[PDB]
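Just below is one structure, and these are the notes that go with it.
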Amino acid sequence: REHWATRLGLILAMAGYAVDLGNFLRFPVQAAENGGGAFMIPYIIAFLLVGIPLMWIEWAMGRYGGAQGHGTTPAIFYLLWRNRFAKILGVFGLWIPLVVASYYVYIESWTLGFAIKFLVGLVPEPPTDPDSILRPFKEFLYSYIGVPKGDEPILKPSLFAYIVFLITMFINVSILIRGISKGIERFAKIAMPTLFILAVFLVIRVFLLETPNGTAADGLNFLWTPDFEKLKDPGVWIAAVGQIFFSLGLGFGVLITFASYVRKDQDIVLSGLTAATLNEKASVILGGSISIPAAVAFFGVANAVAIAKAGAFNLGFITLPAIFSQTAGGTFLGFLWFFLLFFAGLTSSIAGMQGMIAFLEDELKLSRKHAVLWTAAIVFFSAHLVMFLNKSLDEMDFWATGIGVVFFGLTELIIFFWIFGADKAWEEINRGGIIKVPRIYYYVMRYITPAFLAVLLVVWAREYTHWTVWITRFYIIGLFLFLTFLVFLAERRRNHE
Ligand SMILES: CN[C@H]1CC[C@@H](c2ccc(Cl)c(Cl)c2)c2ccccc21
Ligand code: NA
Ligand code: NA
């Protein structure tokens with residue numbers, strides 16, 4: 001079996017997975033709409049009661065199953081719980097990341113495309129007034145995506161956007177085809193420093209932004225200013241819990257797959273806590289000091305709520321490029337921005353597609369070349385549903401990463417800590433640990449964490465379309481069935497040998 005080369009590379013690949021666009025865009029927006037700096041109160045709490053424990057558990061299940069040549073949850077859930085239903089539940093942790101991949105790489109391709117467009121100067125040049133600056137970039141993006149002009153739910157992406165997507169995929173394959181150590185890890189040692197560099201440079205440049213409308217200090221002011229009255233809102237306490245899942249990457253079965261390349265007695269306690277911290281520092285320090293400040297600085301704190309309510313996607317693909325077309329040499333800033341975002345995705349999409357690659361290697365005994373190509377061929381095909389069917393993206397994401405990861409996360413808890421047994425699990429986590437997990441986390445992992453996951457699981461089901469959504473539902477259900485069939489073939493090949 002493949003293994004990570006250096007302890008550093010492990011943490012960087014682990015941090016590379018969790019460090020993403022959401023760090024720079026989604027996190028700053030959620031904080032601004034949920035109490036500013038007061039949002040740190042329920043967020044830090046959720047980082048402690050939910051995010052850290054669940055991460056250790058996936059590191060635990062990962063390493064536990066990796067020692068036996070199995071990196072995926074259809075196998076690992078059967079090792080924690082020898083059952084017919086356990087294999088079926090494990091399919092989700094191979095289904096989820098395959099669904100997300102169908103649309104993540106595509107969104108990743110966009111940043112690559114914009115980075116290229118910005119670098120060569122192929123960007124809109126307005127003109128005065130805010131809607132006079134934003135509209136040229138709102139249209140620039142929509143011509144790239146192919147946003148429907150008519151009533152039809154059909155997207156018509158540019159030939160360029162499509163080609164970059166092939167190129168983007170090709171880039172992903174290159175890294176994945178070289179393996180865990182000479183590929184993902186080797187890249188994680190290049191990307192993460194390069195990432196941090198671009199991040200700091202933008203932070204420095206952003207703090208030097210001054211307009212008649214405001215300064216970067218006003219952005220950091222508005223953003224981090226605590227609104228403790230919003231802490232009364234349960235929804236804020238829910239946004240915090242959902243965000244932790246999102247930021248860390250829990251419930252994607254990727255940590256489990258990635259941790260399955262960690263050696264049997266190698267530390268997973270401190271290493272994970274490091275990668276977890278790298279992601280958080282990336283968010284509160286680097287991320288919340290570029291996007292929100294730069295917007296408030298240019299449009300004034302009088303629009304700060306309007307900008308936050310405009311969404312994270314707008315902030316990074318429409319709002320910030322429009323601001324860069326109005327700054328000194330900002331055509332190159334546009335490039336550094338979309339190139340910062342490209343790596344943030346590439347370090348996460350190589351981690352996402354490994355779950356399928358691991359399954360084809362471990363369970364169907366395919367070579368690494370075939371496992372990588374066939375996974376690519378599957379992702380490339382399914383993305384056409386995302387590229388051409390309007391709102392197909394929202395549908396896949398809602399199920400996979402809105403209900404799916406939260407459900408599957410509570411599944412990992414119960415299977416590893418209630419079915420497999422808490423004591424056997426607790427030992428599995430602490431073993432080989434440089435530092436030992438605090439004795440108090442035994443109770444958190446057993447009650448508090450699955451409680452939080454459960455009471456959240458109740459509200460997102462109580463709180464929550466066209467007809468074309470059935471097309472996407474049809475396809476992604478058909479994915480689950482097909483993956484059930486491969487798990488079935490995997491267990492019929494094993495009885496013969
Ligand atoms: C974990 N937070 C980021 C990390 C990578 C990125 C991600 C996660 C899983 C996969 Cl399978 C892929 Cl391809 C990509 C992602 C997706 C959705 C939501 C959040 C995030
Ligand atoms: Na994150
Ligand atoms: Na990443």
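Identifiers in this document derive from the order of the structure tokens: chains are assigned A, B, ..., residues are numbered from 1 separately in each chain, and ligands are numbered from 1 in order of occurrence.
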
List all protein, DNA and RNA residues that have an atom no more than 8 Å from any atom of ligand 3, counting only C-alpha atoms and all ligand atoms, and report them as an MDAnalysis selection string.
-> chainID A and resid 15:21 343:349

For the residues selected in the previous step, produce a file with C-alpha atoms as a compact mmCIF listing (two decimals), in the first residue's frame.
```txt
# COMPACT_ATOMS: atom_id res chain seq x y z
CA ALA A 15 -4.49 21.22 5.21
CA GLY A 16 -4.45 21.49 1.42
CA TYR A 17 -7.70 19.55 1.32
CA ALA A 18 -9.48 21.73 3.89
CA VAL A 19 -8.02 25.06 2.77
CA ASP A 20 -10.33 26.13 -0.06
CA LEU A 21 -12.41 28.94 -1.57
CA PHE A 343 -4.62 26.17 -6.04
CA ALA A 344 -7.05 26.34 -3.12
CA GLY A 345 -9.28 24.14 -5.26
CA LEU A 346 -6.64 21.97 -6.90
CA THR A 347 -5.34 20.95 -3.48
CA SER A 348 -8.87 19.92 -2.57
CA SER A 349 -10.04 18.29 -5.80
```

So which residues are near ligand 2, meaning at most 12 Å away with only C-alpha atoms and all ligand atoms counted, given back as a ChimeraX atom specification?
-> /A:14-28,47,51,242-250,275-284,286-287,344-345,347-348

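When only C-alpha atoms and all ligand atoms are used to compute distances to ligand 1, the closest of the residues A:404, A:113, A:234, A:183 turns out to be A:404.
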
Which of A:107, A:8, A:169, A:301 sits closest to residue A:375 [using only C-alpha atoms] =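 Smallest distance to residue A:375 is found for A:169.
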
For ligand 1, the nearest of the candidates A:96, A:341, A:302, A:239, counting only C-alpha atoms and all ligand atoms | A:96

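Nearest residue to ligand 1, choosing from A:394, A:227, A:362, A:233 and counting only C-alpha atoms and all ligand atoms: A:394.
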
Within 10 Å of residue A:208 using only C-alpha atoms, minus same-chain residues under 6 positions, as a PyMOL selection string | chain A and resi 202+215-217+294+297

Would you mind listing what lies within 8 Å of stretch 482-486 of chain A as a ChimeraX atom specification, with only C-alpha atoms counted and same-chain residues fewer than 2 positions away left out?
-> /A:88,91,94-95,478-480,488-490

For residue A:357, list every protein, DNA or RNA residue within 9 Å, evaluated using only C-alpha atoms, and leave out those in the same chain fewer than 6 positions away; present the list as a list in words.
->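 Residues near the query, excluding close chain neighbours: residues 176, 366, 368, 370, 371, 372, 373, 374 and 375 of chain A.
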
Go ahead and dump the residues you just picked, C-alpha atoms, as a compact mmCIF listing (two decimals), in the first residue's frame.
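As a result, result.txt now contains:
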```txt
# COMPACT_ATOMS: atom_id res chain seq x y z
CA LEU A 176 -3.26 11.97 -8.98
CA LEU A 366 -7.17 -1.93 -10.46
CA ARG A 368 -3.24 3.23 -10.14
CA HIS A 370 -6.63 2.74 -14.55
CA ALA A 371 -8.13 3.74 -11.19
CA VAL A 372 -7.21 7.36 -11.92
CA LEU A 373 -8.34 7.42 -15.56
CA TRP A 374 -11.66 5.67 -14.97
CA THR A 375 -12.40 8.03 -12.06
```

Best match for closeness to ligand 1 among A:100, A:55, A:200, A:448, counting only C-alpha atoms and all ligand atoms | A:100

Between A:241, A:268, A:318, A:57, single out the one closest to residue A:141, counting only C-alpha atoms.
->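 Comparing A:241, A:268, A:318, A:57 against residue A:141, the winner is A:318.
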
Stretch 53-299 of chain A: residues DSSP assigns to strand (DSSP E), reported as a ChimeraX atom specification | /A:210-211,214-215
